[PDB]
>>> print(open('query.txt').read())   # compact mmCIF, C-alpha atoms and all ligand atoms
# COMPACT_ATOMS: atom_id res chain seq x y z
CA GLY A 1 41.56 61.77 17.10
CA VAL A 2 43.34 59.11 19.19
CA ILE A 3 42.50 55.45 18.36
CA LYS A 4 42.52 53.35 21.54
CA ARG A 5 40.69 50.44 23.18
CA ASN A 6 40.19 51.46 26.83
CA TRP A 7 38.69 49.58 29.78
CA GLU A 8 35.28 51.13 30.52
CA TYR A 9 34.43 50.39 34.17
CA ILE A 10 30.73 50.09 35.07
CA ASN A 11 32.44 37.50 49.24
CA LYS A 12 32.61 37.30 45.44
CA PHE A 13 34.08 35.46 42.44
CA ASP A 14 35.60 37.68 39.72
CA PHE A 15 36.34 36.33 36.23
CA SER A 16 37.01 37.77 32.75
CA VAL A 17 35.65 36.47 29.42
CA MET A 18 37.13 37.01 25.93
CA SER A 19 35.12 36.33 22.75
CA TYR A 20 37.30 36.32 19.60
CA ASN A 21 36.76 35.17 16.00
CA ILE A 22 40.43 34.67 15.12
CA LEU A 23 39.86 34.10 11.34
CA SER A 24 40.67 30.64 9.98
CA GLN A 25 43.54 30.84 7.43
CA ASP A 26 41.56 28.46 5.18
CA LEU A 27 38.49 30.75 5.39
CA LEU A 28 40.79 33.75 4.80
CA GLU A 29 42.31 32.29 1.62
CA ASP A 30 38.96 30.89 0.38
CA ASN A 31 37.60 34.47 0.57
CA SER A 32 40.66 36.53 -0.47
CA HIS A 33 38.40 39.18 -2.08
CA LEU A 34 37.56 40.37 1.48
CA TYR A 35 41.25 41.20 2.18
CA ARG A 36 42.11 43.17 -1.00
CA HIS A 37 42.82 46.19 1.26
CA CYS A 38 45.51 44.25 3.18
CA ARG A 39 49.27 44.20 2.56
CA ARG A 40 50.15 40.66 1.41
CA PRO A 41 52.62 39.77 4.26
CA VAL A 42 50.12 40.48 7.09
CA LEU A 43 47.73 37.73 5.84
CA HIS A 44 50.07 34.73 6.38
CA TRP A 45 49.32 32.43 9.35
CA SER A 46 53.03 32.61 10.30
CA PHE A 47 52.50 36.38 10.72
CA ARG A 48 48.99 36.33 12.20
CA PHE A 49 49.19 33.64 14.91
CA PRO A 50 52.03 35.21 17.01
CA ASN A 51 50.04 38.48 17.11
CA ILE A 52 46.81 36.69 18.10
CA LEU A 53 48.66 34.68 20.79
CA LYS A 54 50.30 37.89 22.08
CA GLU A 55 46.83 39.47 22.45
CA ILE A 56 45.48 36.45 24.36
CA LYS A 57 48.58 36.44 26.59
CA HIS A 58 48.33 40.21 27.16
CA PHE A 59 44.66 40.22 28.23
CA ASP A 60 45.08 37.01 30.28
CA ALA A 61 41.32 36.37 30.35
CA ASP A 62 39.97 33.64 32.66
CA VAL A 63 37.68 32.26 29.92
CA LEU A 64 38.34 32.23 26.15
CA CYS A 65 35.47 31.77 23.67
CA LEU A 66 37.07 31.52 20.20
CA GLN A 67 35.52 31.08 16.73
CA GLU A 68 37.09 30.02 13.40
CA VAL A 69 39.62 27.84 15.24
CA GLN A 70 41.18 25.76 12.44
CA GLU A 71 41.66 22.10 13.43
CA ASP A 72 45.18 21.55 12.04
CA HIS A 73 46.43 24.86 13.50
CA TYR A 74 44.62 24.12 16.78
CA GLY A 75 46.41 20.78 17.22
CA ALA A 76 49.83 22.02 16.10
CA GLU A 77 50.08 25.51 17.64
CA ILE A 78 46.97 27.06 19.24
CA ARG A 79 46.09 24.38 21.83
CA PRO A 80 49.73 23.80 23.02
CA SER A 81 50.24 27.57 23.33
CA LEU A 82 47.02 28.01 25.33
CA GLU A 83 47.80 25.01 27.58
CA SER A 84 51.19 26.65 28.33
CA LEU A 85 49.36 29.81 29.50
CA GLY A 86 47.43 27.63 32.00
CA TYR A 87 44.22 27.16 29.96
CA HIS A 88 42.18 23.97 29.75
CA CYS A 89 40.80 23.82 26.19
CA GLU A 90 37.62 22.19 24.83
CA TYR A 91 37.03 22.12 21.04
CA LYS A 92 34.04 21.47 18.77
CA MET A 93 34.80 21.37 15.04
CA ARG A 94 32.17 22.11 12.37
CA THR A 95 30.81 18.87 10.89
CA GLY A 96 31.23 19.53 7.15
CA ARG A 97 33.97 20.23 4.59
CA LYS A 98 35.20 23.21 6.64
CA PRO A 99 37.71 22.15 9.36
CA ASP A 100 37.25 25.05 11.79
CA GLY A 101 35.18 25.30 14.97
CA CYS A 102 34.56 26.81 18.40
CA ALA A 103 36.78 26.48 21.46
CA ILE A 104 35.98 27.30 25.07
CA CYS A 105 39.11 27.60 27.21
CA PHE A 106 39.36 28.39 30.93
CA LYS A 107 42.17 28.79 33.48
CA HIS A 108 42.82 25.65 35.58
CA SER A 109 43.34 27.90 38.62
CA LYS A 110 39.87 29.48 38.29
CA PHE A 111 37.54 26.56 37.41
CA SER A 112 36.92 22.82 37.47
CA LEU A 113 35.09 21.20 34.53
CA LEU A 114 31.68 19.69 35.40
CA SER A 115 30.46 18.84 31.86
CA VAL A 116 31.21 19.33 28.15
CA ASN A 117 28.12 19.61 25.94
CA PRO A 118 28.77 19.98 22.17
CA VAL A 119 25.91 21.01 19.86
CA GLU A 120 25.77 19.99 16.19
CA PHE A 121 23.27 22.13 14.25
CA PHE A 122 23.40 19.65 11.34
CA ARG A 123 20.55 17.13 11.51
CA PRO A 124 20.51 14.55 8.64
CA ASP A 125 16.81 13.79 9.30
CA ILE A 126 15.76 17.48 9.00
CA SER A 127 16.17 19.16 5.57
CA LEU A 128 16.16 22.67 7.09
CA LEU A 129 19.24 21.85 9.22
CA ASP A 130 21.72 20.99 6.44
CA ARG A 131 24.47 23.40 7.61
CA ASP A 132 27.71 22.44 9.38
CA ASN A 133 27.65 25.09 12.17
CA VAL A 134 28.18 24.06 15.81
CA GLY A 135 27.99 25.27 19.40
CA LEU A 136 29.69 24.32 22.68
CA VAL A 137 28.39 24.52 26.26
CA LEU A 138 30.54 23.95 29.37
CA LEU A 139 29.41 23.75 32.99
CA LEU A 140 32.23 25.11 35.17
CA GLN A 141 32.69 25.01 38.96
CA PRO A 142 34.45 28.20 40.21
CA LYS A 143 37.42 27.30 42.45
CA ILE A 144 36.68 29.06 45.76
CA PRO A 145 36.36 27.69 49.36
CA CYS A 146 29.43 28.06 45.15
CA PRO A 147 27.05 27.65 42.15
CA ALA A 148 28.26 26.48 38.72
CA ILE A 149 28.65 28.81 35.72
CA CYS A 150 27.43 27.81 32.24
CA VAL A 151 29.58 29.11 29.36
CA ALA A 152 28.24 28.82 25.79
CA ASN A 153 29.97 29.64 22.47
CA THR A 154 28.81 29.43 18.84
CA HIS A 155 29.33 30.60 15.26
CA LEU A 156 25.94 30.79 13.50
CA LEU A 157 25.33 30.28 9.76
CA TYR A 158 26.75 33.16 7.70
CA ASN A 159 24.43 32.96 4.66
CA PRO A 160 22.44 36.25 4.98
CA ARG A 161 19.25 34.92 3.34
CA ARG A 162 18.62 31.88 5.56
CA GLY A 163 17.28 33.43 8.78
CA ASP A 164 15.09 30.34 9.22
CA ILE A 165 18.26 28.26 9.73
CA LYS A 166 19.87 30.92 11.96
CA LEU A 167 16.91 31.00 14.37
CA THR A 168 16.70 27.19 14.50
CA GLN A 169 20.45 26.98 15.21
CA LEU A 170 20.03 29.58 17.96
CA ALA A 171 17.07 27.59 19.36
CA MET A 172 19.23 24.43 19.49
CA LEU A 173 21.92 26.29 21.47
CA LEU A 174 19.35 27.79 23.86
CA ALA A 175 17.79 24.33 24.36
CA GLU A 176 21.19 22.88 25.32
CA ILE A 177 21.81 25.74 27.77
CA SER A 178 18.33 25.26 29.32
CA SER A 179 19.28 21.64 29.99
CA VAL A 180 22.83 22.19 31.30
CA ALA A 181 22.16 25.32 33.40
CA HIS A 182 19.06 23.91 35.18
CA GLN A 183 19.59 23.55 38.95
CA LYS A 184 17.97 21.47 41.72
CA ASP A 185 16.08 24.60 42.91
CA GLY A 186 14.39 24.92 39.48
CA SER A 187 16.28 28.07 38.43
CA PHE A 188 19.18 28.43 35.97
CA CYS A 189 22.78 28.91 37.11
CA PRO A 190 24.68 32.02 35.83
CA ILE A 191 25.08 31.93 32.02
CA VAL A 192 27.68 33.55 29.74
CA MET A 193 26.83 33.08 26.02
CA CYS A 194 29.55 34.26 23.61
CA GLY A 195 29.98 33.92 19.86
CA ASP A 196 29.71 35.14 16.29
CA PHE A 197 25.95 35.24 15.65
CA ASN A 198 26.32 36.79 12.15
CA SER A 199 23.47 39.12 13.18
CA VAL A 200 23.58 42.88 13.82
CA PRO A 201 22.29 44.84 16.88
CA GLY A 202 18.53 45.55 16.73
CA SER A 203 17.97 42.68 14.27
CA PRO A 204 15.05 40.27 15.01
CA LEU A 205 17.52 37.54 16.07
CA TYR A 206 19.36 39.97 18.37
CA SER A 207 16.02 41.24 19.71
CA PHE A 208 14.95 37.65 20.43
CA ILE A 209 18.08 37.03 22.54
CA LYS A 210 17.61 40.28 24.52
CA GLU A 211 13.82 40.18 25.01
CA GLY A 212 13.23 36.41 25.22
CA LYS A 213 10.33 36.92 22.77
CA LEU A 214 9.99 37.27 18.99
CA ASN A 215 6.85 37.75 16.89
CA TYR A 216 8.14 36.44 13.55
CA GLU A 217 4.89 36.43 11.53
CA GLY A 218 5.35 38.01 8.09
CA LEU A 219 9.11 38.34 8.66
CA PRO A 220 11.25 37.65 5.52
CA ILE A 221 13.96 35.05 6.16
CA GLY A 222 16.70 37.50 5.05
CA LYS A 223 15.60 40.16 7.57
CA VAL A 224 16.24 37.92 10.61
CA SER A 225 20.00 38.64 10.79
CA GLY A 226 19.95 42.26 9.58
CA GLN A 227 22.92 41.44 7.32
CA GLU A 228 23.21 43.44 4.07
CA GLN A 229 20.96 42.02 1.32
CA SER A 230 18.18 43.12 -1.07
CA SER A 231 15.22 41.52 0.78
CA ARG A 232 13.22 41.46 -2.49
CA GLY A 233 11.60 38.14 -3.48
CA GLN A 234 12.23 36.52 -0.08
CA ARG A 235 9.78 34.03 1.45
CA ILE A 236 8.23 34.72 4.85
CA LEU A 237 9.06 32.65 7.96
CA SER A 238 6.96 29.48 8.37
CA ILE A 239 4.87 28.84 11.50
CA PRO A 240 6.50 26.91 13.07
CA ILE A 241 10.03 27.71 11.84
CA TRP A 242 11.32 24.16 12.47
CA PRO A 243 9.40 20.81 12.44
CA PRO A 244 8.22 18.87 15.56
CA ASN A 245 10.82 16.09 15.10
CA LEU A 246 13.59 18.51 16.21
CA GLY A 247 12.18 17.94 19.72
CA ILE A 248 12.48 21.60 20.77
CA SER A 249 9.45 23.68 21.82
CA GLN A 250 8.59 27.28 20.83
CA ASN A 251 10.07 28.20 24.25
CA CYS A 252 13.42 26.80 22.98
CA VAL A 253 13.61 23.91 25.47
CA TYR A 254 13.78 20.16 24.87
CA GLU A 255 10.42 18.37 25.09
CA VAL A 256 9.27 14.75 24.99
CA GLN A 257 8.12 14.19 21.38
CA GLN A 258 4.57 12.86 21.01
CA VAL A 259 3.54 10.58 18.10
CA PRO A 260 1.19 12.61 15.81
CA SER A 261 0.61 31.41 17.38
CA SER A 262 3.81 32.50 15.60
CA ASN A 263 5.83 33.53 18.66
CA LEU A 264 9.30 32.37 19.74
CA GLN A 265 10.39 32.49 23.39
CA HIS A 266 13.20 31.56 25.78
CA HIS A 267 13.26 31.50 29.60
CA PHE A 268 16.57 33.37 30.12
CA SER A 269 17.20 36.97 31.21
CA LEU A 270 20.17 38.02 29.08
CA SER A 271 22.04 41.33 28.84
CA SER A 272 24.65 42.36 26.26
CA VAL A 273 28.08 43.49 27.49
CA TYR A 274 28.30 46.10 24.70
CA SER A 275 25.81 48.93 24.02
CA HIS A 276 26.58 48.87 20.26
CA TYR A 277 26.67 52.71 19.98
CA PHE A 278 29.16 55.28 21.32
CA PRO A 279 27.31 57.47 23.88
CA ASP A 280 28.78 60.88 22.91
CA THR A 281 28.26 60.61 19.14
CA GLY A 282 25.80 57.73 18.59
CA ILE A 283 28.18 56.17 16.04
CA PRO A 284 27.85 52.33 15.90
CA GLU A 285 30.51 50.01 17.33
CA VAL A 286 31.96 47.41 14.93
CA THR A 287 33.41 43.97 15.75
CA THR A 288 34.47 43.06 12.17
CA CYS A 289 36.06 45.16 9.37
CA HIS A 290 37.20 43.99 5.91
CA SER A 291 36.84 45.02 2.23
CA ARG A 292 33.07 44.35 2.18
CA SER A 293 31.84 44.64 5.80
CA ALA A 294 32.06 46.88 8.90
CA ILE A 295 29.47 45.64 11.44
CA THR A 296 28.88 44.17 14.90
CA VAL A 297 28.16 40.41 14.71
CA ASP A 298 30.03 39.35 17.89
CA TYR A 299 28.46 39.45 21.37
CA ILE A 300 29.03 38.53 25.00
CA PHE A 301 25.63 37.87 26.58
CA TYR A 302 25.24 37.18 30.32
CA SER A 303 22.51 36.52 32.91
CA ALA A 304 21.53 39.80 34.60
CA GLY A 305 22.83 36.65 38.11
CA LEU A 306 26.21 38.17 37.17
CA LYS A 307 27.46 41.77 37.54
CA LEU A 308 29.46 43.37 34.71
CA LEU A 309 32.45 45.24 36.19
CA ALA A 310 34.09 46.38 32.93
CA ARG A 311 34.44 45.92 29.15
CA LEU A 312 37.18 46.68 26.60
CA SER A 313 35.73 49.44 24.40
CA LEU A 314 35.25 48.68 20.69
CA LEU A 315 36.00 50.97 17.70
CA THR A 316 34.08 52.79 14.94
CA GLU A 317 34.29 51.91 11.24
CA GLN A 318 36.12 55.23 10.69
CA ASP A 319 38.67 54.35 13.41
CA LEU A 320 39.42 51.00 11.76
CA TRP A 321 39.85 52.52 8.28
CA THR A 322 42.35 54.98 9.82
CA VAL A 323 44.56 51.91 10.43
CA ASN A 324 43.71 50.65 6.90
CA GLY A 325 41.18 48.01 8.01
CA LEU A 326 41.55 44.48 9.41
CA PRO A 327 43.63 42.41 9.40
CA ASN A 328 46.67 44.73 9.42
CA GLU A 329 50.34 44.53 10.49
CA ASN A 330 49.38 45.10 14.17
CA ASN A 331 45.94 43.39 14.49
CA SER A 332 45.81 39.94 12.91
CA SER A 333 42.08 39.14 12.68
CA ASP A 334 39.28 40.72 10.63
CA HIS A 335 37.41 40.75 13.97
CA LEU A 336 38.21 42.61 17.20
CA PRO A 337 38.36 40.60 20.49
CA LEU A 338 35.49 41.28 22.92
CA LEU A 339 36.53 41.35 26.58
CA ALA A 340 34.42 41.63 29.76
CA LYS A 341 35.12 41.49 33.51
CA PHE A 342 32.34 39.82 35.53
CA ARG A 343 31.55 39.46 39.24
CA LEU A 344 29.54 36.63 40.79
CA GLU A 345 28.18 37.81 44.17
CA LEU A 346 27.90 34.86 46.57
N1 LIG A 401 37.34 48.22 0.92
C1 LIG A 401 37.37 49.42 1.51
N2 LIG A 401 36.22 49.90 2.07
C2 LIG A 401 36.25 51.11 2.66
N3 LIG A 401 37.27 51.97 2.77
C3 LIG A 401 38.39 51.48 2.20
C4 LIG A 401 38.52 50.25 1.57
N4 LIG A 401 39.83 50.10 1.11
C5 LIG A 401 40.44 51.20 1.47
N5 LIG A 401 39.63 52.09 2.13
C6 LIG A 401 39.96 53.40 2.69
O1 LIG A 401 39.24 54.39 1.99
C7 LIG A 401 40.11 55.48 1.60
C8 LIG A 401 40.31 55.43 0.10
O2 LIG A 401 40.99 56.59 -0.34
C9 LIG A 401 41.40 55.28 2.39
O3 LIG A 401 41.35 55.97 3.63
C10 LIG A 401 41.44 53.76 2.57
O4 LIG A 401 42.11 53.32 3.73
K K A 402 31.82 28.54 5.60
K K A 403 13.78 33.02 -0.62
K K A 404 42.91 54.96 5.70
MG MG A 405 35.07 35.15 9.12
>>> encode(input="query.txt", output="structure tokens", more="lines below")
Ligand SMILES: Nc1ncnc2c1ncn2[C@@H]1O[C@H](CO)[C@@H](O)[C@H]1O
Ligand SMILES: [K+]
Ligand SMILES: [K+]
Ligand SMILES: [K+]
Ligand SMILES: [Mg+2]
Amino acid sequence: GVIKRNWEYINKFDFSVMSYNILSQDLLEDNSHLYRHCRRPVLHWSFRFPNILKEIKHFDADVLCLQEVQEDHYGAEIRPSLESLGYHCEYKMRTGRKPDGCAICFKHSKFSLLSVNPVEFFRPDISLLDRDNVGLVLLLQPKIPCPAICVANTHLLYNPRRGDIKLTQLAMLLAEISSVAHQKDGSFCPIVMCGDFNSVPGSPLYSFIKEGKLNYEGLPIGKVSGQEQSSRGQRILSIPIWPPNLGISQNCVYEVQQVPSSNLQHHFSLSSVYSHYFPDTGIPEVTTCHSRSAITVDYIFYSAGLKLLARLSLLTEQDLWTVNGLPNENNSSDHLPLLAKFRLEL
């Protein structure tokens, strides 16, 4: 019963991607009921950050996609530490009362920056989109003597009930990617989309990402994410989910608004790095474990044209409770870092 995270291995450019919700100290302390299982000393930022930095240093990924990156801590400690490791860092803070956000970092030696494309999901003119969540999309040029790579990162709305907002937020991210990744030959460049989607494998939202299609007629708003909730007394998704003045089509691309079928679509071909279930046993993988939750909500998606060489295996709920849950004295987030090795064949 050994508890280990192994590397599963499945004219080129090779690069590794890490997706990691590092847990904002402010979000930690605002929700202390989630960490009742934890010994008090392991929760302090002074304890947690060195461990998190050690992980990042150890894995030495070419691209970092981080969530719950607290602004004050980012400026003071996280960004300087990452810059020292040879990373160029781009940040997008949430737009509300919560001063955390997403960062996409990449090694100077591996890429040049073509464009930075932040996405704010908050729209003051649209009542539906009243949440502070954000995304970030970079276009990177691999440094070799080659096509660009589009890297996206997000942290979608947590609230389990509001699947209408989740899907609209996702649509806004997909729309940005569609714009940035478009090439002169009319196809999309290779895409890596990381983040905390607050949605479980096999959920409608997850299915939408994988299939590029969703029939959402008669679907309760709470069922979208597959997060734990009653589902009683929930309203059904509207057709359309979001209003025309968002300027995004049902194919999740920007469109020219004109002065004035319940199926969502996107034009990408996306695979998930992780299978979500252990092959031998069929036990589900988890990416987050605390007092109230043990689920997968973190993903690395990629265009399948990249080839996945390897991934760092996840753990079961039972495995994580053997080490008394997350965070603990050895692992300093309530999430596990996702890690993938990719190959771009030229
Ligand atoms: N919030 C929790 N959820 C699930 N299991 C827990 C929780 N807190 C402690 N445990 C574990 O459950 C068992 C309780 O005896 C122990 O193995 C302990 O680590
Ligand atoms: K929040
Ligand atoms: K409702
Ligand atoms: K235990
Ligand atoms: Mg969290």
>>> closest_atom_pairs(input="query.txt", of="region 41-116 of chain A", to="region 175-194 of chain A", cutoff="12 Å", atoms="all atoms listed in the file", output="tab-separated table")
residue	atom	partner	partner_atom	distance
A:63	CA	A:192	CA	10.1
A:64	CA	A:194	CA	9.4
A:65	CA	A:194	CA	6.4
A:66	CA	A:194	CA	8.7
A:67	CA	A:194	CA	9.6
A:102	CA	A:194	CA	10.4
A:103	CA	A:194	CA	10.8
A:104	CA	A:194	CA	9.6
A:114	CA	A:180	CA	10.1
A:115	CA	A:180	CA	8.4
A:116	CA	A:180	CA	9.4
>>> residues_near_ligand(input="query.txt", ligand="ligand K 404 (chain A)", cutoff="10 Å", atoms="all atoms listed in the file", output="NGL selection string")
:A and (37 or 318-325)
>>> closest_atom_pairs(input="query.txt", of="chain A", to="ligand K 402 (chain A)", cutoff="8 Å", atoms="all atoms listed in the file", output="tab-separated table")
residue	atom	partner	partner_atom	distance
A:27	CA	A:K402	K	7.0
A:98	CA	A:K402	K	6.4
A:157	CA	A:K402	K	7.9
A:158	CA	A:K402	K	7.2
>>> closest_residue(input="query.txt", among="A:333, A:127, A:236, A:243", to="residue 51 (chain A)", atoms="all atoms listed in the file")
A:333
>>> closest_residue(input="query.txt", among="A:197, A:274, A:344, A:339", to="residue 59 (chain A)", atoms="only C-alpha atoms")
A:339
>>> atom_distance(input="query.txt", atom1="CA of residue 280 (chain A)", atom2="CA of residue 337 (chain A)")
22.6 Å
>>> closest_residue(input="query.txt", among="A:56, A:149, A:336, A:170", to="residue 224 (chain A)", atoms="all atoms listed in the file")
A:170
>>> residues_near_ligand(input="query.txt", ligand="ligand K 403 (chain A)", cutoff="10 Å", atoms="all atoms listed in the file", output="PyMOL selection string")
chain A and resi 161-162+220-222+231-237
>>> closest_atom_pairs(input="query.txt", of="chain A", to="ligand MG 405 (chain A)", cutoff="10 Å", atoms="all atoms listed in the file", output="Markdown table")
| residue | atom | partner | partner_atom | distance |
| --- | --- | --- | --- | --- |
| A:21 | CA | A:MG405 | MG | 7.1 |
| A:22 | CA | A:MG405 | MG | 8.1 |
| A:23 | CA | A:MG405 | MG | 5.4 |
| A:24 | CA | A:MG405 | MG | 7.2 |
| A:25 | CA | A:MG405 | MG | 9.7 |
| A:27 | CA | A:MG405 | MG | 6.7 |
| A:28 | CA | A:MG405 | MG | 7.3 |
| A:31 | CA | A:MG405 | MG | 8.9 |
| A:34 | CA | A:MG405 | MG | 9.6 |
| A:67 | CA | A:MG405 | MG | 8.6 |
| A:68 | CA | A:MG405 | MG | 7.0 |
| A:155 | CA | A:MG405 | MG | 9.6 |
| A:158 | CA | A:MG405 | MG | 8.7 |
| A:196 | CA | A:MG405 | MG | 9.0 |
| A:198 | CA | A:MG405 | MG | 9.4 |
| A:288 | CA | A:MG405 | MG | 8.5 |
| A:290 | CA | A:MG405 | MG | 9.6 |
| A:333 | CA | A:MG405 | MG | 8.8 |
| A:334 | CA | A:MG405 | MG | 7.1 |
| A:335 | CA | A:MG405 | MG | 7.8 |
>>> write_last_selection(input="query.txt", atoms="C-alpha atoms", output="JSON list (two decimals), keeping the file's coordinate frame")
[["chain", "number", "residue", "atom", "x", "y", "z"],
["A", 21, "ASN", "CA", 36.76, 35.17, 16.00],
["A", 22, "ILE", "CA", 40.43, 34.67, 15.12],
["A", 23, "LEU", "CA", 39.86, 34.10, 11.34],
["A", 24, "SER", "CA", 40.67, 30.64, 9.98],
["A", 25, "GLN", "CA", 43.54, 30.84, 7.43],
["A", 27, "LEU", "CA", 38.49, 30.75, 5.39],
["A", 28, "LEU", "CA", 40.79, 33.75, 4.80],
["A", 31, "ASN", "CA", 37.60, 34.47, 0.57],
["A", 34, "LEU", "CA", 37.56, 40.37, 1.48],
["A", 67, "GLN", "CA", 35.52, 31.08, 16.73],
["A", 68, "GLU", "CA", 37.09, 30.02, 13.40],
["A", 155, "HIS", "CA", 29.33, 30.60, 15.26],
["A", 158, "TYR", "CA", 26.75, 33.16, 7.70],
["A", 196, "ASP", "CA", 29.71, 35.14, 16.29],
["A", 198, "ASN", "CA", 26.32, 36.79, 12.15],
["A", 288, "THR", "CA", 34.47, 43.06, 12.17],
["A", 290, "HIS", "CA", 37.20, 43.99, 5.91],
["A", 333, "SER", "CA", 42.08, 39.14, 12.68],
["A", 334, "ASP", "CA", 39.28, 40.72, 10.63],
["A", 335, "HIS", "CA", 37.41, 40.75, 13.97]]
>>> residues_around(input="query.txt", residues="residue 77 (chain A)", least_positions_apart="3", cutoff="12 Å", atoms="all atoms listed in the file", output="number ranges by chain")
A: 45-46, 49-50, 52-53, 69-74, 80-84
>>> closest_residue(input="query.txt", among="A:17, A:309, A:2, A:289", to="ligand LIG 401 (chain A)", atoms="all atoms listed in the file")
A:289
>>> closest_residue(input="query.txt", among="A:12, A:88, A:39, A:57", to="ligand LIG 401 (chain A)", atoms="only C-alpha atoms and all ligand atoms")
A:39
>>> closest_residue(input="query.txt", among="A:311, A:203, A:3, A:44", to="residue 29 (chain A)", atoms="all atoms listed in the file")
A:44
>>> atom_distance(input="query.txt", atom1="CA of residue 212 (chain A)", atom2="CA of residue 302 (chain A)")
13.1 Å
>>> axis_aligned_box(input="query.txt", around="ligand LIG 401 (chain A)", padding_each_side="6 Å", output="JSON")
{"center_x": 39.2, "center_y": 52.4, "center_z": 1.7, "size_x": 17.9, "size_y": 20.4, "size_z": 16.1}
>>> atom_distance(input="query.txt", atom1="CA of residue 265 (chain A)", atom2="CA of residue 345 (chain A)")
27.9 Å
>>> residues_around(input="query.txt", residues="residue 226 (chain A)", least_positions_apart="6", cutoff="9 Å", atoms="only C-alpha atoms", output="count of residues only")
9
